[PDB]
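Peer 1:
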Amino acid sequence: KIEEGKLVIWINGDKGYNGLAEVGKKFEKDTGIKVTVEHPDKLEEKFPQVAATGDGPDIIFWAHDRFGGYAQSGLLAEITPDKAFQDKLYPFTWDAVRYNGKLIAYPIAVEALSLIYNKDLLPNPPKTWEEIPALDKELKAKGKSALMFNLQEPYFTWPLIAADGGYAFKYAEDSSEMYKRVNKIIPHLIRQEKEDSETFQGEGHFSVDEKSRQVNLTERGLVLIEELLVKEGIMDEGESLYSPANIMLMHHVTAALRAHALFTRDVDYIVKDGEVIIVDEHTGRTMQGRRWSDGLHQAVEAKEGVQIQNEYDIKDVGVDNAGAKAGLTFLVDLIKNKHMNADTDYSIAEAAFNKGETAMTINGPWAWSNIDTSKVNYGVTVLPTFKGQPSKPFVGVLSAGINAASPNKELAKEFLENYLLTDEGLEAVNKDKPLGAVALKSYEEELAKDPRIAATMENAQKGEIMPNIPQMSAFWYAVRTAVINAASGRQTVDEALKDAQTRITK
Numbered sequence: 049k050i051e052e053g054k055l056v057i058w059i060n061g062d063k064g065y066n067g068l069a070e071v072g073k074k075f076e077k078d079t080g081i082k083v084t085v086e087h088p089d090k091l092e093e094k095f096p097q098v099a100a101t102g103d104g105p106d107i108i109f110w111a112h113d114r115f116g117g118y119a120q121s122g123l124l125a126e127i128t129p130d131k132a133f134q135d136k137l138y139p140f141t142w143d144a145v146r147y148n149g150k151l152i153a154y155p156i157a158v159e160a161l162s163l164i165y166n167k168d169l170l171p172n173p174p175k176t177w178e179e180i181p182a183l184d185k186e187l188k189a190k191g192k193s194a195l196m197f198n199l200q201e202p203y204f205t206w207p208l209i210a211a212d213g214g215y216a217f218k219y220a221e222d223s224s225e226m227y228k229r230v231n232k233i234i235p236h237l238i239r240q241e242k243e244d245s246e247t248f249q250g251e252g253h254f255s256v257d258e259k260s261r262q263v264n265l266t267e268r269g270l271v272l273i274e275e276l277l278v279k280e281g282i283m284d285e286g287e288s289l290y291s292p293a294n295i296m297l298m299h300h301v302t303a304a305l306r307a308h309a310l311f312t313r314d315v316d317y318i319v320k321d322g323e324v325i326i327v328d329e330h331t332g333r334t335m336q337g338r339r340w341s342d343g344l345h346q347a348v349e350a351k352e353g354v355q356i357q358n359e360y361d362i363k364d365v366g367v368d369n370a371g372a373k374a375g376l377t378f379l380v381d382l383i384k385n386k387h388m389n390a391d392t393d394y395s396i397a398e399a400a401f402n403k404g405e406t407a408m409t410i411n412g413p414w415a416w417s418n419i420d421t422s423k424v425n426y427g428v429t430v431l432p433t434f435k436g437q438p439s440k441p442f443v444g445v446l447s448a449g450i451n452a453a454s455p456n457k458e459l460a461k462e463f464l465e466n467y468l469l470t471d472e473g474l475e476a477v478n479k480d481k482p483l484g485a486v487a488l489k490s491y492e493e494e495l496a497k498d499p500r501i502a503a504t505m506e507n508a509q510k511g512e513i514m515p516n517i518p519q520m521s522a523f524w525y526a527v528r529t530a531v532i533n534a535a536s537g538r539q540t541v542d543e544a545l546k547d548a549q550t551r552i553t554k
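In terms of the numbering used here, the sequence shown opens at residue 49 and continues consecutively.
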């Protein structure tokens with residue numbers, strides 16, 4: 049059991065816990081509630097153990113991506129900030145603390161890769177990846193190189209691969225709007241008995257296989273739906289649903305038809321307090337946080353007019369698309385043309401930049417202090433563009449979660465919303481150890497006076513939130529192999545990315 053009437057907070061060793069104790073001191077002296085701030089060893093491994101037994105701290109601070117596994121086991125309480133408080137943070141930070149549509153943590157800080165450059169060797173760093181080859185030749189004649197960064201880990205190479213269209217798992221911005229617009233199509237569609245065959249020509253637009261709970265479009269249905277999608281501005285005039293460009297649109301048509309034809313309110317699900325809740329077993333276990341896959345739950349939400357909870361499409365992986373092939377090809381051509389070495393890792397690149405041997409590197413705020421010791425006159429700026437599009441680094445959001453077993457959920461919410469997530473609260477923590485960029489708009493505007501902190505947020509706003517789903521591990525492991533194989537010549541870029549795409553989705 050967790051001691052009621054006080055707050056136990058866990059934050060990692062490398063963070064400003066003394067400053068966190070200080071905002072808790074304003075808390076302890078104002079309301080008489082003692083706040084024990086602990087920084088235990090391996091706390092990210094200890095929390096899912098103690099919280100499973102109903103123990104642990106009231107509040108845990110960690111990167112958002114780990115909170116996906118915590119919320120999977122129901123370890124984190126669904127936080128309840130009103131709409132007014134959520135507007136005080138950058139909207140994309142709230143996307144990092146969402147699991148199964150529910151908010152399960154408060155965003156605190158924001159971290160991402162940036163371009164680090166030597167002001168003395170390179171006063172005007174390049175805006176594009178394309179101008180790095182000629183810049184390298186210019187520096188090689190002076191005994192220097194243009195760029196060196198860790199090529200062994202896809203975390204560092206993915207910003208270039210994602211620029212032209214590569215992505216891990218599709219997280220569409222207009223997803224909620226798409227489910228609503230596609231849902232308007234359904235009333236036009238006629239159901240027929242079965243699929244058209246040699247012995248049967250129906251007059252409908254779709255048929256339903258009841259035993260598999262799947263729907264099959266008819267020839268005339270595919271035509272009419274394409275007619276309906278083109279007119280309402282969803283699809284271009286001369287496209288196909290079955291084309292790979294409309295894969296998101298195909299998942300929506302399939303989901304909307306299943307939501308109408310195959311799932312029934314008060315049988316398969318209920319509409320309760322503005323949510324779609326599955327009725328799992330007939331007269332059995334009835335309500336849970338479980339969710340249907342393949343966009344079906346979102347389609348039922350659009351059908352019932354409740355708030356569509358956004359999530360990742362784990363069946364839409366963009367590792368072997370044209371954008372990813374173009375980005376990785378440019379990386380491989382840099383190696384082929386000896387502008388970079390396929391063997392360069394984190395230590396080689398860090399030593400190269402901190403010794404003044406290379407003009408640029410790609411790293412995050414954790415590496416700044418080592419460069420401070422190096423005395424290199426360095427700057428931090430926006431990553432180069434590729435094919436006119438921004439490099440997209442993954443964003444890590446330091447977040448504060450509330451233990452689901454906590455008897456002090458209102459105390460914890462009071463401490464986080466009104467005492468930590470303030471200009472004064474974040475400043476106490478940042479003084480202790482810097483948070484980098486923060487999620488609170490008001491304090492970030494002050495911190496952004498530092499051009500390095502401003503660069504971290506700019507690259508973060510141009511990147512993507514690190515997905516908090518279990519399938520992200522398979523993405524990293526497959527992409528790590530693909531980049532190494534392509535960079536070393538084991539496979540071609542298309543061959544390497546095709547294998548990674550297949551392995552992620554098998």
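By construction, the Cβ of each residue, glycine as well, lies at the ideal position given by its N, Cα and C atoms.
Does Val71 pass the burial test, meaning 16 or more other C-beta atoms within 10 Å, or should it be called exposed?
Peer 2: As a first step, residue 71 is located in the sequence shown; it is residue number 23 there, counting from the start. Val71 should be labelled buried.
Peer 1: Take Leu464 and list the residues in its own chain whose beta-carbon comes closer than 6 angstroms to its own, dropping the five residues that flank it on each side.
Peer 2: As a first step, residue 464 is located in the sequence shown; it is residue number 416 there, counting from the start. Around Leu464: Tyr154, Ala448.
Peer 1: Going by the beta-carbon positions, is the gap between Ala397 and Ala347 smaller than 8 angstroms?
Peer 2: The count along the sequence shown starts at 1 and reaches residue 397 at position 349. The count along the sequence shown starts at 1 and reaches residue 347 at position 299. Going by C-beta atoms, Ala397 is not nearer than 8 angstroms to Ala347.
Peer 1: Our contact map puts residue 12 next to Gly104 with C-beta atoms below 8 angstroms; I'd like the distance itself, whole angstroms only.
Peer 2: Since the displayed the chain opens at 49 and closes at 554, residue 12 lies outside it and no answer follows.
Peer 1: Terminal residues of the continuous beta strand (DSSP E) containing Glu70?
Peer 2: Taking the sequence shown and counting its residues from 1, one reaches residue 70 at position 22. Taken as a continuous stretch (DSSP letters only), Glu70 belongs to no beta strand (DSSP E), being part of the alpha helix (DSSP H) at 65–79.
Peer 1: Considering just the uninterrupted stretch of the alpha helix (DSSP H) at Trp110, what are its terminal residues?
Peer 2: Locating residue 110 in the sequence shown gives position 62, counting from the first residue. Element bounds for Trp110: not the alpha helix (DSSP H) but the beta strand (DSSP E), 107–111.
Peer 1: Report the partner residues of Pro155 according to the DSSP bridge assignment.
Peer 2: As a working note, residue 155 is residue 107 in the sequence shown. Partner(s): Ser447.
Peer 1: Based on the DSSP secondary-structure assignment, which residues constitute the bridge partners of residue 593?
Peer 2: This structure gives no information on residue 593, because the portion of the chain shown stretches from 49 to 554.
Peer 1: Out of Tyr317, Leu376, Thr392, state which residue places its alpha-carbon closest to the alpha-carbon of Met335.
Peer 2: Along the sequence shown, read from residue 1 onward, the residue named residue 335 stands at position 287. Closest by alpha carbon: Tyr317.
Peer 1: I need the boundaries of the alpha helix (DSSP H) containing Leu199, first residue and last residue.
Peer 2: If you number the sequence shown from 1, residue 199 lands on position 151. Counting along the chain, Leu199 falls outside any alpha helix (DSSP H), and DSSP gives it neither H nor E.
Peer 1: Let me know the secondary structure DSSP gives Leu55 once reduced to three states.
Peer 2: In the sequence shown, the residue the question calls residue 55 occupies position 7. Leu55: strand per DSSP, three-state reduction.
Peer 1: Could you have a look at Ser245 and say whether DSSP puts it in helix, strand or coil?
Peer 2: Position 197 of the sequence shown, counted from the first residue, corresponds to residue 245. The answer is strand: DSSP assigns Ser245 an E or B state.
Peer 1: At what residue ranges does the region 423–482 contain a whole run of the alpha helix (DSSP H), taking only runs of 4 or more?
Peer 2: Complete alpha helix (DSSP H) runs here, min 4: 457–463, 471–480.
Peer 1: Determine the DSSP secondary structure at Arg500, reduced to helix, strand or coil.
Peer 2: Your numbering for residue 500 matches position 452 in the sequence shown. Helix, per DSSP.
Peer 1: Any idea what DSSP makes of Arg551, helix, strand or coil?
Peer 2: As a first step, residue 551 is located in the sequence shown; it is residue number 503 there, counting from the start. Reduced to three states, the DSSP call for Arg551 is helix.
Peer 1: Determine whether the beta carbon atoms of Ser439 and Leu208 lie at a separation below 8 angstroms.
Peer 2: Locating residue 439 in the sequence shown gives position 391, counting from the first residue. Locating residue 208 in the sequence shown gives position 160, counting from the first residue. Taking 8 angstroms as the Cβ cut-off, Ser439 and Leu208 qualify as a contacting pair.
Peer 1: Can you tell which of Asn466, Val531, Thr540, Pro482 has the C-alpha that lies nearest to the C-alpha of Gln134?
Peer 2: Residue 134 sits at position 86 when you count from the first residue of the sequence shown. When only C-alpha atoms are compared, the closest one is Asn466.
Peer 1: My output table needs one value for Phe254: the three-state DSSP class, helix, strand or coil.
Peer 2: As a working note, residue 254 is residue 206 in the sequence shown. If DSSP states are grouped into helix, strand and coil, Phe254 belongs with the strands.
Peer 1: Measuring CB to CB, does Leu297 end up less than 8 angstroms from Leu270?
Peer 2: Position 249 of the sequence shown, counting from 1, holds the residue named residue 297. Position 222 of the sequence shown, counting from 1, holds the residue named residue 270. No, they are not a contact pair.
Peer 1: With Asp106 and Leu55 assumed to form a contact (beta carbons below 8 angstroms), what rounded beta-carbon distance in angstroms separates them?
Peer 2: Residue mapping note: residue 106 aligns to position 58 of the sequence shown, counting from 1. Residue mapping note: residue 55 aligns to position 7 of the sequence shown, counting from 1. Contact holds; Cβ gap of about 5 angstroms.
Peer 1: Go ahead and label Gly537 buried or exposed: buried means 16 or more other beta carbons lie within 10 angstroms of its beta carbon, across all protein chains shown.
Peer 2: Here residue 537 is taken as the residue at index 489 of the sequence shown, counted from 1. It is exposed - the Cβ of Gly537 has fewer than 16 other Cβ atoms within 10 Å.
Peer 1: Let's see if you can read the secondary structure: which residues bound the beta strand (DSSP E) around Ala407?
Peer 2: As a working note, residue 407 is residue 359 in the sequence shown. Counting along the chain, the beta strand (DSSP E) containing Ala407 begins and ends at 406–411.
Peer 1: If you follow the alpha helix (DSSP H) that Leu379 is in, where does it begin and where does it stop?
Peer 2: Here residue 379 refers to the residue found at position 331 when the sequence shown is read from its first residue. First-last of the alpha helix (DSSP H) with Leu379: 370–384.
Peer 1: Check whether the Cβ atoms of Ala160 and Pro515 sit closer than 8 angstroms, and answer yes or no.
Peer 2: Residue 160 sits at position 112 when you count from the first residue of the sequence shown. Residue 515 sits at position 467 when you count from the first residue of the sequence shown. The answer is no: Cβ separation not under 8 angstroms.
Peer 1: How would you write the range of the alpha helix (DSSP H) that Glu352 sits in, first residue to last?
Peer 2: The residue you call residue 352 lines up with position 304 of the sequence shown. It spans 344–352 - the alpha helix (DSSP H) in which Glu352 sits, taken as one unbroken run.
Peer 1: Locate the beta strand (DSSP E) running through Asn402, then write down its first and last residues.
Peer 2: As a first step, residue 402 must be located in the sequence shown, where it is residue number 354. Looking at the DSSP string, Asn402 is not in any beta strand (DSSP E); the run it does join, the alpha helix (DSSP H), is 394–402.
Peer 1: Can the beta-carbon of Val430 be found less than 8 angstroms from the beta-carbon of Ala370?
Peer 2: Along the sequence shown, one-based indexing puts residue 430 at 382. Along the sequence shown, one-based indexing puts residue 370 at 322. For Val430 and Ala370, no; Cβs fall outside 8 angstroms.
Peer 1: Can you tell me which of the three DSSP states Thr101 falls into?
Peer 2: Translated into the one-based positions of the sequence shown, residue 101 becomes position 53. Three-state result, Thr101: helix.
Peer 1: Determine the direct distance from the alpha carbon of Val319 to that of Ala132, and round the result to whole angstroms.
Peer 2: Residue 132 sits at position 84 when you count from the first residue of the sequence shown. Residue 319 sits at position 271 when you count from the first residue of the sequence shown. Cα to Cα, the separation comes out at about 26 angstroms.
Peer 1: In terms of residues, what are the limits of the beta strand (DSSP E) holding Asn264?
Peer 2: Along the sequence shown, one-based indexing puts residue 264 at 216. Here the beta strand (DSSP E) through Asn264 covers 262–265.
Peer 1: Could you check the C-alpha separation between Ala526 and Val83 for me, to the nearest Å?
Peer 2: Start at 1 with the first residue of the sequence shown, and residue 526 comes out as number 478. Start at 1 with the first residue of the sequence shown, and residue 83 comes out as number 35. Their backbone Cα atoms lie some 43 angstroms apart in a straight line.
Peer 1: So does the region 193–204 actually touch the region 520–535, counting three or more Cβ pairs closer than 8 angstroms?
Peer 2: Touching, per the Cβ criterion.
Peer 1: Any idea what DSSP makes of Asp321, helix, strand or coil?
Peer 2: Residue 321 sits at position 273 when you count from the first residue of the sequence shown. Three-state DSSP puts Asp321 in coil, outside helix and strand.
Peer 1: Would you check if the region 381–395 and the region 325–343 touch, i.e. whether three or more CB-CB distances between them fall below 8 angstroms?
Peer 2: Contact between the region 325–343 and the region 381–395 is absent, because fewer than three Cβ pairs lie under 8 angstroms.
Peer 1: Please look up how many angstroms separate the CB atoms of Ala111 and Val445, rounded, as I've assumed it's under 8 angstroms.
Peer 2: Position 63 of the sequence shown, counting from 1, holds the residue named residue 111. Position 397 of the sequence shown, counting from 1, holds the residue named residue 445. With a Cβ gap of about 7 angstroms, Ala111 and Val445 count as contacting.
Peer 1: Buried or exposed: which applies to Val380, given that a residue is buried once 16 or more other Cβ atoms fall within 10 Å of its Cβ?
Peer 2: By 1-based counting over the sequence shown, the position of residue 380 is 332. Answer is buried; the Cβ neighbour count reaches 16.
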